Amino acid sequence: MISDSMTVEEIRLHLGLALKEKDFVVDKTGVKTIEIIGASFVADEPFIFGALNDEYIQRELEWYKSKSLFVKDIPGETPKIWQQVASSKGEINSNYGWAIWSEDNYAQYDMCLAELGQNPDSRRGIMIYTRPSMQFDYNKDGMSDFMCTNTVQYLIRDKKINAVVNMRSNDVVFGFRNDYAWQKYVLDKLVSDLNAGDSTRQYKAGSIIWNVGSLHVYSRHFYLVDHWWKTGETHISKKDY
């Protein structure tokens, strides 16, 4: 059986509680955050707070498909968030397409697909994003990019493929929205590829279970949590706030 987990609605409540109680933690950039430690919830909505920017997510998807470790290869103007984290040569670590499709990271997608194709009940169907050398690689050439996704495990039960996403660190506003879109994309892809392999499989996408070491909101987004706390609206304009 799948575990009885929190939903995104309950996560919102706990974040609102944390803000109400001034449970602040200082970020490495010196700014305040509110935070849930050891968060586990079913990602039953594609965002927690904020607006869905489908245009941005598609540009990040294209970049992941390219497997490029260089931020300039993001289609169009590279977001400053990626710029400020990049090395002196414009290089990063956290291209998730590189993580699951590159032979340099040992063919995570293909091997997980082969494992589940051979044994649908397997507990070894997993895509390993991070690596032990990340202890030294995170600041190569002056980048600041310690892989925040650790592993994603895929478990086929009752003809549904469930994804257990294990993250070290996840920004509630920008991070979760983008990362969810990515994990949903890969899950749908894996379902497709397994079904294409054998027409009698008839697998369906199941639940995405989100496990985060530190799930946090930065102080620049406190107004979103606050507004939701007062009104139940998951988004405002900064100007309307």
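From 1 onward, residues are counted along the sequence shown.
Visitor: On average, are the C-alpha B-factors higher in 80 to 88 or in 165 to 173?
Guide: So the stretch with the higher mean C-alpha B-factor is 80 to 88.
Visitor: Quick check on the record: does 28 to 36 or 206 to 214 carry the larger mean Cα temperature factor?
Guide: The stretch with the larger average C-alpha B-factor is 28 to 36.
Visitor: Sort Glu55, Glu60, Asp188, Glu45 by C-alpha B-factor from the entry and give me just the highest.
Guide: Max CA B-factor in the entry, restricted to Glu55, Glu60, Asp188, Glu45: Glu55.
Visitor: In terms of the chain's CA B-factor thirds, is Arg131 lowest, middle or highest?
Guide: Answer is lowest: the recorded C-alpha B-factor places it there.
Visitor: Would you please rank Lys67 by its C-alpha temperature factor against the other modelled residues of its chain and give the third it falls in: lowest, middle or highest?
Guide: For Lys67, whose C-alpha B-factor we compare with every modelled residue in the chain, the answer is the middle third.
Visitor: Consider only the C-alpha atoms of the modelled residues in this chain, order them by B-factor as the entry records it, and name the third containing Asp198: lowest, middle or highest.
Guide: Top third by C-alpha B-factor.
Visitor: By the record's CA B-factor, is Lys159 among the lowest, middle or highest third of residues in the chain?
Guide: Answer is highest: the recorded C-alpha B-factor places it there.
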